[PDB]
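Engineer: Please find one structure pasted underneath; my questions will follow.
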Amino acid sequence: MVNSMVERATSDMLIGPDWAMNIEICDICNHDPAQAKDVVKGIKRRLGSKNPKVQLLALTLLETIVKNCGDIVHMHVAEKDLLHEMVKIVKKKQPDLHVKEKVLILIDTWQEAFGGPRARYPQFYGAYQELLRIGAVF
Amino acid sequence: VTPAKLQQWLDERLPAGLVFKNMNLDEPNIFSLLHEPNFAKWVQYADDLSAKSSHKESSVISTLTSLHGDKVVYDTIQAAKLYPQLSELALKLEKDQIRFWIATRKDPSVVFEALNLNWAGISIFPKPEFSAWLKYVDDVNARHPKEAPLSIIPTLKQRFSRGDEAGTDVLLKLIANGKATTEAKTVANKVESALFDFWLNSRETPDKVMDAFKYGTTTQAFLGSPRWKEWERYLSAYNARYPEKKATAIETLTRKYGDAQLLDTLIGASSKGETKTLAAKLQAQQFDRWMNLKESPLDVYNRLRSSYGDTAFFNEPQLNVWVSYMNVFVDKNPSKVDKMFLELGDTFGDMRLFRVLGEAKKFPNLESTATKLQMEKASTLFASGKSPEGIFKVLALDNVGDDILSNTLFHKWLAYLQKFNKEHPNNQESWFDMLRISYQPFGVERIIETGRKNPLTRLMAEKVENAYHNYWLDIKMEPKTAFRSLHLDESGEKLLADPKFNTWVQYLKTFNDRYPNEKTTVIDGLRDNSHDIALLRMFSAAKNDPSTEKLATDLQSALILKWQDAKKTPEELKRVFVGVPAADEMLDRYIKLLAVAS
């Protein structure tokens, strides 16, 4: 089902992100919150790929759905510890530099956007503070 | 799979890209893809989906560009236009791709590349694709008024050279020749406006921007160019946008290069016709700055010592310009003119002061008070009873130049020399020697030429001319050498008509009188400097001038005498001449003389 969309939207066969496909996914997430669960779960899996291109595509999709779709997805993202995996990407000895830059920008955006420690999903801020403890800078 | 499955999927709002892959539209070749009828059905799906998706724009394009990159898509659509049954679709696709690009704020560089503006180089402006590219930029900005605007300029710079300044140089060239043709002129003006806006929006200072206009050239050359005015136009534009940071040209120039180099450049520019006008203007403004800062001339000297021209301050030209500031300074401060020069006097050695004062006399504001102190100092020096040699140097007479014979100090110094020489009969000094040493032979020569031309100096100039020739006697300069010394070698056919020829004859005589043992004839002197055939060409010419005719004939005889002394055979002479004026006359004469001798 939905996993197919995610996989294709994050396939190594793309040279660039299919933004229209990303938006189309956003639309269905606004229609069907059940499907939205499955989307974010798929993204986690694809982030788990070795391939930095796949990772970038996944990050870019994630950026899109986060900005576009409703609170359910935000809840899923936090609750499925997706953030923890993202942290773990940065924790690599030799991470990809573009990936690293992308995650940093995203997490900085989000912890601000959600209101930091008083965020109803404080996980965003938690991840950001973990990063700060290692001495990362955007 | 079926239209039913598609309608199902449409109800389910499946993403276009997934449907593509479900359709196995992963064809191996992009150019093939558009021929599959299946692809068209997918287009319809994608359109119908777009009608109820959030995005207006063509998901198709998004899909395809995401697989292949923008250029490849565009080129593929252009390839699709060929087959006319695909034409209607291909033109829809082109429109859609544009819509897509505009919506997605795609970077102008990608559009430029996709348009194959690779080609144009010289002729970017007339080409319709380039026009379309500007249209794209304007359209994008129109759709996106909230965002910071996009610009052409980075694309252009980065393409033509990998250097901020250097790329901009070619752009400026292209703008300039675009303006000249009526065809490109409109386009050229838009490009210019964009470049300007780019600098303004990037807040690039006039100082920085100047480096662009200066590129390729010497500092000097930039000022002579059209580009100077163009950069002034930028400066004025910059000041308008950011009046809190307002700057004028000279201020800007000062802060970029510092006063010393600026001054040096203004000196250079003031010498040359192209720049002279504004060199002077900018120079005056530089003075005006120092005046508004209430900097005394000596304060200004302090400032400027500390880089370039201190070692090269006291010489021409730098000094002259300093004195020009002094003139202006006293025009604003007449009261303190005495105090100024007095301070110079205690600060510097007398010879330096003299050097100043010589120049100061040229300037009306200074002339009187300068003349006064010049004489006061001079009088003191005369009263000392020191050597004329020493005094000459202290008076800076070595740096008066060609018109020294007009100079009041030089005359006063002569008077001292004569008094001194009477009072020191055992230890006399030569005026001429001082002139010779200090101005070198070539300077002496110019001095004579200058002093002859002015009637007031003429007698003095004759005295000097004599002394120079006397020196030639004292050093035993051979008349052969003296001929070249007077550049008689240059006078060509007309040598005998040359006034200086006569002078050289008279020197040669005087030399013979001093040195009878090595006595030399005019004709021998002529023979040393040139060969017979040139000489009788000159003689045949000289016979045409009555004033020289007699001379010519005498020399013809004197030449013949030398052939006799040389024991030359007429055959040798006949052989070596061919088609030569007066040859046969002179041969026949020599032949006749040979007969009488035989």
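In this analysis, Cβ positions are derived from the backbone assuming ideal geometry, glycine residues included, and neighbour counts consider all displayed protein chains. Please treat every number below as a calculation from the coordinates, not as lab data.
Engineer: Hey, can you rank B:372-381, A:12-21 by average C-beta count inside 10 Å, highest first?
Structural biologist: Top to bottom by mean Cβ count within 10 Å: A:12-21, B:372-381.
Engineer: Once you put a point 7 Å from the Cα of residue A:45 and another 7 Å from the Cα of residue B:139, both along the Cβ direction, what distance in nm separates them?
Structural biologist: Roughly 4.1 nm, to one decimal.
Engineer: Between residue B:173 and residue B:185, what is the label-to-label distance in nm when each label sits 7 Å out along the Cα-to-Cβ direction?
Structural biologist: The modelled label-to-label distance comes out at 2.4 nm.
Engineer: Sticking with the crude label model, points 7 Å out along Cα→Cβ, report the distance from residue B:92 to residue A:72 in nm, one decimal please.
Structural biologist: Result for the modelled spin labels: 3.4 nm.
Engineer: Rounded, prolate or oblate: which one fits segment A:2-134, using the alpha carbon gyration tensor with axes a ≥ b ≥ c (rounded when a/c is under 1.5, else prolate when a/b beats b/c, else oblate)?
Structural biologist: Oblate, because a/c is 1.5 or more while a/b does not exceed b/c.
Engineer: Moving on. Taking every pair of alpha-carbon atoms in chain B, give the share separated by more than 45 Å as a whole percent.
Structural biologist: 57
Engineer: On a 0 to 90° scale, report how tilted helix B:276-292 is relative to the longest principal axis of chain B, with both axes built from alpha carbons and the result rounded to the nearest 10.
Structural biologist: Rounded to the nearest ten degrees, it is 80.
Engineer: Taking 0.36 nm per residue of separation and subtracting the Cα-Cα distance, what length does fully extending residue B:316 through residue B:298 add?
Structural biologist: Difference between extended and current length: 4.7 nm.
Engineer: Just to confirm my numbers, what's the Cα centroid distance between segment B:347-403 and segment B:40-97 in Å?
Structural biologist: Using only Cα atoms to place each centre, the spacing works out to 90 Å.
Engineer: While we're looking at this one, here's another question. Packing-wise, with mean Cβ within 10 Å as the measure, how do B:130-140, B:333-343 rank, highest first? All intermediate terms of the calculation are to be shown ahead of the outcome.
Structural biologist: On the way: B:130-140: 16.5, B:333-343: 13.7.
Ranked from most to least packed, the peptides come out as B:130-140, B:333-343.
Engineer: In straight Cα distance, which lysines are under 16 Å from residue B:453, not counting same-chain residues fewer than 8 positions off?
Structural biologist: Here the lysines satisfying the reach criterion relative to residue B:453 are B:463, B:500.
Engineer: Further question: Assuming 0.36 nm per residue, please report the length gained on full extension of the stretch residue B:403 to residue B:208 beyond their Cα-Cα distance.
Structural biologist: That works out to 65.5 nm of additional length.
Engineer: Can you sort B:105, A:120, B:452 so the residue with the fewest Cβ neighbours within 10 Å comes first?
Structural biologist: Details: B:105 13, A:120 10, B:452 17.
Taking fewest neighbouring Cβ atoms as first place, the list is A:120, B:105, B:452.
Engineer: Before anything else, pin down the relative contact order of segment A:2-134: Cα pairs under 8 Å, at least 6 apart, normalised by residue count, whole percent.
Structural biologist: Computed value for segment A:2-134: 22 percent relative contact order.
Engineer: For the protein assembly as shown, what is the mean residue ellipticity at 222 nm derived from helices alone (per DSSP H run of n ≥ 4: -39500 (n - 2.57); sum divided by total residues; nearest 500 deg cm²/dmol)? All intermediate terms of the calculation are to be shown ahead of the outcome.
Structural biologist: Numbers: 42 runs with 528 residues, N = 736.
For the protein assembly as shown, the value works out to -22500 deg cm²/dmol.
Engineer: Now for a separate question. Binned at 10 Å from 0, what are the whole-percent values of the Cα-Cα distance distribution for segment B:155-312, short to long?
Structural biologist: Computed distribution, short to long bins: 9, 34, 33, 18, 6, 1.
Engineer: Further question on the same structure: Could you tell me the calculated FRET efficiency between residue B:513 and residue B:352, based on Cβ-Cβ distance and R0 = 41 angstrom, to the nearest 0.05?
Structural biologist: Between residue B:513 and residue B:352 the formula returns 0.35.
Engineer: Shielding of B:6-16 by partners, i.e. mean partner chain Cβ atoms within 10 Å per residue?
Structural biologist: Per residue, the number of nearby Cβ atoms from other chains is 3 on average.
Engineer: State, as an integer percentage, the relative contact order of chain B based on alpha-carbon contacts under 8 Å between residues 6 or more apart.
Structural biologist: 5
Engineer: Please compute the volume of the convex hull spanned by the alpha-carbon atoms of segment B:481-528 and report it per residue in Å³.
Structural biologist: 68
Engineer: Rounded, prolate or oblate for the protein assembly as shown? Axes are the square roots of the Cα gyration tensor eigenvalues, ordered a ≥ b ≥ c, and the cut-off for rounded is a/c under 1.5.
Structural biologist: Prolate, since a/c reaches 1.5 and a/b exceeds b/c.
Engineer: Placing unit charges on C-beta atoms (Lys and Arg positive, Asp and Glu negative, everything else neutral), compute the dipole magnitude of segment B:1-104 about its Cα centre in debye, rounded to 20.
Structural biologist: With only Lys, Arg, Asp and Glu charged at Cβ, the dipole is about 160 debye.
Engineer: Shielding by partners for B:52-64, please: the mean number of other protein chain Cβ atoms within 10 Å of each residue's Cβ.
Structural biologist: Going residue by residue through B:52-64 and averaging, the value is 4.
Engineer: For segment B:531-598, report the translational diffusion coefficient in µm²/s to the nearest whole number, using Stokes-Einstein at 10 °C, 1.306 mPa s, and a Kirkwood Rh over Cα pairs.
Structural biologist: 129
Engineer: Can you tell me which of B:236-249, B:408-421, B:58-71 comes out highest on packing, and rank the rest after it, using the mean Cβ neighbours within 10 Å?
Structural biologist: B:58-71, B:408-421, B:236-249
Engineer: Another question about this same structure. Under the Karplus relation 6.51 cos²θ - 1.76 cosθ + 1.60, θ = phi - 60°, what is the ordered set of whole-Hz ³J(HN,Hα) values for segment B:505-512, x standing for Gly and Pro?
Structural biologist: 4, 5, 4, 4, 4, 4, 4, 4
Engineer: Listed here are the pairs A:100/B:106; B:246/B:276; B:372/B:419; A:67/B:41; B:208/B:336; which of them are more than 30 Å apart at the Cα? Before the final figure, lay out each step's value.
Structural biologist: Working: A:100/B:106 24 Å; B:246/B:276 27 Å; B:372/B:419 23 Å; A:67/B:41 32 Å; B:208/B:336 42 Å.
Pairs exceeding 30 Å: A:67/B:41; B:208/B:336.
Engineer: About its Cα centre, how strong a charge dipole does the protein assembly as shown have in debye, to the nearest 20, once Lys and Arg get +1 and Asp and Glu get -1 at the Cβ? Could the numbers behind the result be given before it?
Structural biologist: Numbers: 100 positive and 96 negative charges, 166 e Å.
My answer is approximately 800 debye.
Engineer: If you plug each phi of segment B:360-375 into the Karplus form 6.51 cos²θ - 1.76 cosθ + 1.60 with θ = phi - 60°, what whole-Hz ³J(HN,Hα) values come out, in order, with x for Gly and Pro?
Structural biologist: With the stated coefficients, segment B:360-375 comes to 4, 4, 5, 8, x, 4, 9, 3, 4, 5, 4, 4, 3, 5, 3, 5 Hz.
Engineer: Just to verify a number: FRET efficiency for residue A:113 and residue B:201, C-beta to C-beta distance, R0 = 22 Å, to 0.05?
Structural biologist: Details: r = 28 Å, r/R0 = 1.29.
It comes out at approximately 0.20.
Engineer: Rounded to the nearest 0.05, what FRET efficiency do residue B:365 and residue B:505 give with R0 = 45 Å and r taken as the Cβ-Cβ distance? Could you check?
Structural biologist: The value I calculate is 0.30.
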